[PDB]
Amino acid sequence: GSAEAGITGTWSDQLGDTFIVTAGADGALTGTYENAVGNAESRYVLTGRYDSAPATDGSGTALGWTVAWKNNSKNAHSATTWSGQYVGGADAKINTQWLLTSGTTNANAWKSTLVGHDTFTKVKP
Amino acid sequence: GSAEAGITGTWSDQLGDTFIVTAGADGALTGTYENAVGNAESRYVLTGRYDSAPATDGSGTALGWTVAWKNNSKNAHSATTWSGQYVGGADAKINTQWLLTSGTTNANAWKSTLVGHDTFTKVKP
Amino acid sequence: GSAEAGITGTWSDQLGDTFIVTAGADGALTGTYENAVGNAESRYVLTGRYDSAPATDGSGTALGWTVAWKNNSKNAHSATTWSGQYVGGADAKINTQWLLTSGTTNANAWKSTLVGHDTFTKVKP
Amino acid sequence: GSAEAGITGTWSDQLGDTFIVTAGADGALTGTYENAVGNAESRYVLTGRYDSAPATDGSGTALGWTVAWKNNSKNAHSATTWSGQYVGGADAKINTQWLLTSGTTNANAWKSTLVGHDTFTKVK
Ligand SMILES: N=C1N[C@H]2[C@H](CS[C@H]2CCCCC(=O)NCCCCCC(=O)O)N1
Ligand SMILES: N=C1N[C@H]2[C@H](CS[C@H]2CCCCC(=O)NCCCCCC(=O)O)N1
Ligand SMILES: N=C1N[C@H]2[C@H](CS[C@H]2CCCCC(=O)NCCCCCC(=O)O)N1
Ligand SMILES: N=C1N[C@H]2[C@H](CS[C@H]2CCCCC(=O)NCCCCCC(=O)O)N1
């Protein structure tokens, strides 16, 4: 599975953080976001989806995933979703834009959502 | 399961589409996005995450999910991620912003990502 | 001008705030963003552009503007841009999405930008 | 000076396009958005604002501007806004995110707006 094998592996973003992802044969993404070094308390579950039969015209493979920022010892009461595309080749990349929503009271809702972007480079199979 | 029972159920967005979601005990979100009526060809898998121990200060519960727009008969080579928060009460709602990325060649990548927002209203447990 | 006269006026957003705008014959937007009552210390300059010959097929009129949050007495070291479209009719609207960027250090650039949305309703011309 | 002097000039983005901007002493931004070479049919007016007394603690200078995609010969019935911040130094940058809304009917309004990002490098 071409998109499946291309997406699956370890990726690192522009901030230095690490994302380990497994693309399944049914379109599922599962893995873990790790901070810049890899210690337990800095790791969070990610789950998402990808187009498991992408176009064959040179376009990338659409995908997205979510991290809720709660693990077994921390909770930032917030969730980030990355939306983007895997672009293959010797120099494969996942180009994303992201939305980070914090839980807020309705009065503070206007400032609940950060937006950003990140490019991931593959580090390992 | 306060946030668990609040989120789980059937929801309707402002466009009229339906979102059936199950929030699990471990923070997973799993479900199906459908058009207005529920016809098989119009249904897509959704997977995401939410804060399963949210704050108790009146803030909403952060969450996110992804739909890759491929099912058993259609494929739009794109994925949308909703990022937002569930706000409880009798008038319960999920307020989100979303990112829809289409797979594209690198020359078209500047127009790969739509942004929007949607409020979901609960219609059934 | 139809879009010129439609956009020109006083508008109020979903948060209660006030947007006073003049749409010029050449596509310029100029005005002031204030609070619910127009307290002088709460007034900021806005500048923007609009499509001064928009479609007449029922589409709205594209437009955008910027407020830098600095005035005679306050400076939040930030700027919001709104992007959207004017839709005429008896109860006219401007539907927008907005980006708010704060000056940050490189290390905090990742959280420099909030995203949201607002619908403005016309109150006076 | 100083965010004034840093911002003012010619910038080029990641796609190769050009923006010429003047930052005014009152917080105004004015200029033109063009293509790679400055073909007249490809020029559009931009207007915006910036923080004209930014922090000095190393933070960038917040700014934003709009281009409506209509000039003397073309109209794409759309407008982009960039929101970002100017960071000085020898290799000066403006890091932005942007929103491009097209005029739509209400039925197409859900797909009216593209989002993206761009880093501008000063060229002149
Ligand atoms: N590697 C990355 N790190 C950042 C981006 C998108 S995900 C983000 C890290 C998010 C960690 C959880 C967190 O800090 N959540 C609370 C953020 C609220 C910030 C308050 C605000 O300025 O609105 N990519
Ligand atoms: N209920 C909702 N429907 C819309 C919003 C965010 S998800 C979206 C439906 C997306 C369906 C899949 C789809 O049409 N994918 C391709 C979209 C690219 C459109 C190209 C263009 O005209 O710019 N919420
Ligand atoms: N009427 C509106 N008010 C809000 C929205 C978009 S414009 C915004 C008001 C912005 C006022 C200036 C301001 O507070 N700037 C700095 C805010 C940074 C918050 C930092 C964070 O929590 O991420 N619409
Ligand atoms: N240098 C840049 N070029 C792109 C980004 C943000 S501004 C954008 C250029 C936009 C030119 C005007 C334009 O094409 N407007 C209509 C966009 C139609 C998108 C619909 C589609 O084909 O999917 N930066």
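We number each residue from 1, going along the chain as drawn.
Per the header: X-ray crystallography, 1.7 Å.
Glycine is treated like the rest: Cβ placed from N, Cα and C.
In Swiss-Prot this protein carries:
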BINDING   B:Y33, B:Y44, B:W82, B:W98, B:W110  biotin binding site
Indicate whether B:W110 (biotin binding site) is helix, strand or coil by DSSP.
-> helix
Per the under 8 Å Cβ criterion, the binding-site residues B:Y33, B:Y44, B:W98, B:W110 that neighbour chain D are B:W110
Local backbone state of B:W82 (biotin binding site), from DSSP in three classes | strand
Go through the binding-site residues B:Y33, B:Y44, B:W82, B:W110 for me and flag any whose C-beta is under 8 angstroms from a C-beta on chain A.
-> B:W82
Inside 10 Å of the Cβ of B:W110 (biotin binding site), count up the other Cβ atoms and send me the figure.
-> 18
Same-chain residues at least 6 apart in sequence with Cβ under 8 Å of the Cβ of B:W82 (biotin binding site), in sequence order, are B:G48, B:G64, B:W65, B:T66, B:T96, B:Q97, B:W98, B:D118
When a 10 Å sphere is centred on the Cβ of B:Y33 (biotin binding site), how many other Cβ atoms does it contain?
-> 22
B:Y44, B:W98: which of these binding-site residues has the sparsest Cβ neighbourhood within 10 Å?
-> B:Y44
Largest CA-to-CA spread of biotin binders B:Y33, B:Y44, B:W82, B:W98, B:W110, angstrom = 27
